[PDB]
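[1] just coords:
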Ligand code: HEM
Ligand code: HEM
Ligand SMILES: *[C@@H]1O[C@H](CO)[C@@H](O[C@@H]2O[C@H](CO)[C@@H](O)[C@H](O)[C@H]2NC(C)=O)[C@H](O)[C@H]1NC(C)=O
Ligand SMILES: *[C@@H]1O[C@H](CO)[C@@H](O[C@@H]2O[C@H](CO)[C@@H](O)[C@H](O)[C@H]2NC(C)=O)[C@H](O)[C@H]1NC(C)=O
Ligand SMILES: CCCCCCCCO[C@@H]1O[C@H](CO)[C@@H](O)[C@H](O)[C@H]1O
Ligand SMILES: CCCCCCCCO[C@@H]1O[C@H](CO)[C@@H](O)[C@H](O)[C@H]1O
Ligand SMILES: C[C@H](C(=O)O)c1ccc(C(=O)c2ccc(I)s2)cc1
Ligand SMILES: C[C@H](C(=O)O)c1ccc(C(=O)c2ccc(I)s2)cc1
Ligand SMILES: *[C@@H]1O[C@H](CO)[C@@H](O)[C@H](O)[C@H]1NC(C)=O
Ligand SMILES: *[C@@H]1O[C@H](CO)[C@@H](O)[C@H](O)[C@H]1NC(C)=O
Ligand SMILES: *[C@@H]1O[C@H](CO)[C@@H](O)[C@H](O)[C@H]1NC(C)=O
Ligand SMILES: *[C@@H]1O[C@H](CO)[C@@H](O)[C@H](O)[C@H]1NC(C)=O
């Protein structure tokens, strides 16, 4: 058997095969010694024997509002903010390591950017069972596995008060770096850029960008309907979009992210950001009459990227976490750190961000309550209701709890079925392994994972071994934190992939984080001040209730 | 006039235009304050008032062999080696800044890797004279300018004893990152990789690589002639090559760098490296029977990249510098430093590495002395003479002095004429500006630049102002260091671009510098031990006199 199937190398050690039956673990810089990287170094031993559980930490970060308010008011905020940023980032390797093609470092993996990278090499195709050594020879039927534990029976809403506005933002946002190539196969993304390049607004390639560009004042092509700014028509900006056959070009909006047409929530956020872009263009021109299109454009995109990273950290992440510590976006907290300003989208991170449970049962827009079949490809809802209205509604409708189990509306349950299958094609390792890898203890039983005895029992009879429980199912079924949108792992594995892909963006480097980069103080501040409310209300006739938190 | 034409922003400050007549300097992190980034900070003031001249430093680094031998034997070697590596690197920005398209930071410049980057933004197209403010409205006629001061009259040989072996190595090596796109125009390179990706051996794109791959044992396709290994035929590996019309595919060698066919010296080094690749493949297989083609291949390429960086630093750079300090390649000296493992080929660095003066008058291969017209496209010399012989000869023939003036053999004088023109298309700034930028004082007169009164006088009447003297001409005409191959600037501007593009390679990061990366101790050591002699003699029947120094 492939010795490496036993996953012999602990603490990030590398399993190198030798002979036709041997193996050697590479524990370089692992902080452990031994044949399997286990004998720790004294310091490593301390460092670990003292790390308070993720649970304890979470507890502290969500209690003592009073004590926290003081902290937030002192320099300690910055200190903890810097701690989080670094300590969270070291879990993510840079330059990247493997890909679906090479379960070893290789120049090709490092340079061919069409591949989604991965943290842990696949379960070798020559192992006994599919998950390696443990588990059954046949994995649970995805479909079944889904209808049994992921299928929403009764809508459990998210306790944190997360609404639809957040769900759509998340969806919209994540679709700038998760863009799997259907023609290429799993493990291949079209989102070269591998981060927040704001490419769902400008298109993922020059041609497409040029198509959407106005080529005057740094502006972005657009159109007026009911005397309001909405993205241009596919007729005006003839760019490839995904709309069902039969819908005319004169009824389709050209945007950048081909898929964004199949859901008002998306086209909504796509309208706000466009409006915002053209707006920043006007400011820049005032300040720089001498500037040309390209420069104004290029500058505007840089200002928006700043805005995005800001709102994502201080509001979006602040909400998802539920922490009392006021998170902060200040690229300078890292100027002391040893941090590589570079990111690469991991296949693991894509799965782990398949938050479909957020979608409600029905979509209510005022007294009117629309069905999935009325929402899903509705080409009118946006122009009909308009930005302000839709925002107010989405800002009021609460989304579902992400973790916990059985809360994915049947209209999209298929997606999760697919995610499971795809994970298998990718040959992702077992949940329990990832647990370890991202700094956690592996679960000892199914009843430990879920906080109960019922599901735990079935999962046990289905999988056979907890060390066989897969990634996504383990992620979604693991018991939720007290009053949280998800549980320990979703955050403890996702946070790193998240903050790295945020601070790792080049505009966060000391080279780019200069005011000149954004056209001067005006551009810079725009970034330093960005807020979900300003984003909306400065591009809308009236300012609605706008928030990520349900009122 | 464009205020920025006056180059108002000192010490790396950024000149931002405002209004239709204003400008603001961005001195963020420059270490200076003021309207033009001039009022220094106390520390900055000290740091600078104490930096010993480049000249003094050079003097020390080339004297007291005795004292140096001791240093080399102590830990001080490592310390200075680390100092050099960092202090030299900070001069080069990362992520990169501008390109021929954007004289401002921009997402496109940062992501569109087809552009050669630049350190200093172009002389604005709206300036009074071509170099900005000073100088004449018409720049000296390249051709003339060349026949007058660059045209070799009598072969001045390089004093450092640099031979042809070094000249060919340099040429071969640099043609892996300097590969300007003729169809695209100046400022566009085909060498995406922007560094030592050893792509002149594997081709600059998947298809081409696959074409040259044997697809068995990690090997590279090849052929036998006179019972010896030489690159395959264009017939065998049907890859695009540049040979004059009329030469048959069965007489052309497929290699990776399309141009390498027009000069034995190149195809020589291309044969050695190929032989080396297949050799490392055999070692790897012994150790890893279980390994497949791709892995063996991918691993072999990583081992060679290591070998290359090693030989380039400890031997090639050791020779060009002439220092007594034994240079050292140990990726770990930077593991403490704040260093970004990323590189991007600058147009300035390409010019500055146009060492054509190295080429001799005639090419002597034993008692036989060949002419340029017998050497230049000779498809037989390599197979005829064979590796060993050619090496011995090239290792004995001394190359020319690079700096100083009038030492470029007329057969290739055209190249330098072109370089000058191209620099103008790129709109490169004045030599004197680059001097400052790379930490030097600007020349006050032409007679200060050249160490004399004759040429200085003409250059003065031609250019009009020293602050108008261009990049390349200034680079080549500037007076040479005591007994050096070139002068102050060539090294003080080139070294940074050089060491950054060397240590910046991903295999030098803590993530990749593990023994597992190279297949184990065997692969690793191969890297840690690489030497120009081993490179040759382990792939040749007999070991000739092989060195970068003429005997
Ligand atoms: C009613 C709204 C939504 C529907 C109908 C929906 C549906 C889908 C579908 C059909 C896919 C394609 C993969 C497949 O099913 O085979 C997908 C992928 C995905 N969805 Fe959604 N989604 C919605 C909301 C969201 C939300 C709220 C998020 C969470 C941020 C999200 C995150 C993802 C991610 C990241 C992928 C991966 C895309 C890729 O591989 O490129 N989706 N979704
Ligand atoms: C007899 C041998 C050599 C000849 C015939 C030669 C000729 C040329 C020619 C024709 C070009 C193309 C640009 C033009 O002329 O318009 C060129 C470019 C260049 N050469 Fe050579 N060369 C030789 C040796 C070397 C050496 C020793 C070096 C020094 C390392 C070198 C460095 C360069 C560089 C870096 C470029 C830039 C290529 C690019 O832009 O992609 N060459 N050389
Ligand atoms: C990046 O990697 C992918 C996968 O290796 C490359 O795509 C394949 O390339 C080979 C050779 O051109 C073809 O035989 C395949 O049909 C290609 N497609 C797929 C889906 O494998 C891709 O060419 C690489 N990209 C670059 C720029 O090197
Ligand atoms: C990288 O930049 C170059 C130059 O901007 C791009 O090349 C041009 O692209 C536009 C739009 O496709 C064309 O109109 C030009 O004819 C292209 N060629 C040149 C020489 O300008 C190139 O497409 C960019 N590459 C990527 C991957 O974005
Ligand atoms: C109250 C103190 C706040 C410190 C927050 C540090 C960032 C969160 O700390 C996290 O703790 C977990 C357990 O060690 C690990 O899994 C994560 O890798 C680590 O970054
Ligand atoms: C004998 C001490 C050796 C120290 C070598 C440090 C590396 C070379 O030092 C160089 O000196 C020049 C003048 O300050 C500058 O132009 C370079 O940027 C700097 O790196
Ligand atoms: C700061 C906080 C933390 O690291 O604790 C934090 C940071 C980032 C996130 C985050 O965006 C995400 C965590 C998991 C997914 I999928 S996104 C969640 C929490
Ligand atoms: C270590 C030494 C130094 O920095 O002084 C040094 C380092 C690198 C080089 C070097 O390779 C080059 C300098 C100029 C060109 I063009 S290549 C020359 C000298
Ligand atoms: C290393 O791991 C393998 C597989 O788990 C095991 O057989 C072996 O005993 C381990 N060795 C040590 C010292 O733990
Ligand atoms: C689209 O939404 C509108 C409201 O904007 C609604 O009246 C209409 O029926 C919807 N269209 C479909 C096909 O459901
Ligand atoms: C700044 O530079 C400009 C142009 O060289 C000059 O006119 C001006 O006097 C300078 N100001 C200062 C304070 O040096
Ligand atoms: C090529 O070199 C050989 C020696 O290898 C020489 O005899 C021959 O004449 C050369 N060919 C040309 C065209 O000069």
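    Everything's here; your move. Numbers count the residues shown, from 1 in each chain, chains lettered A, B, ... in the order given. Ligands and ions are numbered 1, 2, ... in the order given.

[2] for residue A:125, helix, strand, or coil?
    coil (DSSP: H, G, I helix; E, B strand; the rest coil).

[3] how about the residue lying closest to it once chain neighbours are set aside, what does it touch?
    Nearest residue to residue A:125, sequence neighbours excluded (CB to CB, 6 or more residues apart in numbering or on different chains): residue A:427, at 7.2 Å. (Each C-beta comes from the backbone N, C-alpha and C, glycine too.) When contacts are counted by CB atoms under 8 Å, 6 or more residues apart in numbering or on different chains, residue A:427 touches A:122, A:123, A:125.

[4] phi, psi for the nearest residue to residue A:449 once chain neighbours are set aside please.
    Nearest residue to residue A:449, sequence neighbours excluded (CB to CB, 6+ apart): residue A:443, at 4.7 Å. The phi/psi pair for residue A:443 (degrees, to the nearest 10) reads phi -70, psi 140.

[5] quick check: closest non-adjacent residue to residue A:262.
    Nearest one to residue A:262, counting by CB to CB, 6+ apart, is residue A:377 at 5.4 Å.

[6] so that neighbour makes contact with residue A:245?
    No: counting by CB atoms under 8 Å, residue A:377 stays clear of residue A:245, with 11.5 Å between them.

[7] confirm residue A:24 sits in a strand?
    Yes: using three-state DSSP, the secondary structure at residue A:24 is a strand.

[8] residues in a beta bridge with it, which ones?
    Taking DSSP bridges as the rule, residue A:24 bridges to residue A:16.

[9] so what's whichever residue of the stretch 1-150 of chain A sits closest to ligand 3 up against?
    Residue nearest to ligand 3 within the stretch 1-150 of chain A: residue A:112 (3.7 Å; CB to the nearest ligand atom). Residue A:112 sits next to A:99, B:206 when contact means CB under 8 Å, 6+ apart.

[10] still on that earlier bit, filter the contacts of residue A:427 down to the ones near ligand 10?
    Residues shared between these and the neighbourhood of ligand 10: none [CB under 6 Å from any ligand atom].

[11] got a winner among the residues you listed for most neighbours?
    residue A:123 (25 neighbours; other CB atoms under 10 Å in any protein chain shown).

[12] just the strands in chain A please.
    A:14-18, A:22-26, A:32-33, A:39-40, A:98-99, A:117-118, A:223-224, A:229-230, A:363-365, A:368-370 (DSSP state E).

[13] turn the ones you listed into a markdown table, including distance to residue A:154 and mean neighbour count.
    As requested, the strands of chain A are exported to a markdown table (distance: least, CB to CB, whole Å; neighbours: other CB atoms under 10 Å in any protein chain shown):
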| stretch | distance to residue A:154 | mean neighbour count |
| --- | --- | --- |
| strand A:14-18 | 45 | 20 |
| strand A:22-26 | 48 | 18 |
| strand A:32-33 | 47 | 17 |
| strand A:39-40 | 47 | 16 |
| strand A:98-99 | 41 | 24 |
| strand A:117-118 | 36 | 25 |
| strand A:223-224 | 42 | 12 |
| strand A:229-230 | 37 | 20 |
| strand A:363-365 | 17 | 19 |
| strand A:368-370 | 18 | 12 |
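
[14] would you tell me which of these gets closest to ligand 11?
    Using CB to the nearest ligand atom, the strands of chain A put strand A:229-230 closest to ligand 11, at 42.2 Å.

[15] what number of residues lie near the residue of chain A found nearest ligand 8?
    Chain A approaches ligand 8 most closely through residue A:511 (21.7 Å), counting by CB to the nearest ligand atom. The local packing of residue A:511 (other CB under 10 Å) involves 19 other residues.

[16] skipping its backbone neighbours, what lies nearest it in space?
    residue B:93 (5.3 Å).

[17] now swap in residue A:526 and tell me
    Closest to residue A:526 by CB to CB, 6+ apart is residue A:303, at 5.3 Å.

[18] and for residue A:289?
    Closest to residue A:289 by CB to CB, 6+ apart is residue B:20, at 5.3 Å.

[19] and residue A:478, by the same measure?
    That would be residue A:487: by CB to CB, 6+ apart, it lies 4.6 Å from residue A:478.

[20] could you report the neighbour count for the closest residue to chain B within the stretch 351-500 of chain A?
    Going by CB to the nearest CB, chain B is nearest to residue A:500 of the stretch 351-500 of chain A, at 13.2 Å. Per other CB under 10 Å, the neighbour tally for residue A:500 reads 26.

[21] that one and residue A:93 touch, don't they?
    No: using CB under 8 Å, residue A:500 makes no contact with residue A:93, being 9.4 Å away.

[22] just want the residue of chain A that's nearest ligand 2.
    Counting by CB to the nearest ligand atom, chain A gets nearest ligand 2 through residue A:111, at 19.6 Å.

[23] do you know how far that residue is from residue A:534?
    Residue A:111 sits 40 Å away from residue A:534, going by CB to CB, to the nearest Å.

[24] residue A:388 too?
    From residue A:388 over to residue A:534 (counting by CB to CB), the distance is 14 Å.
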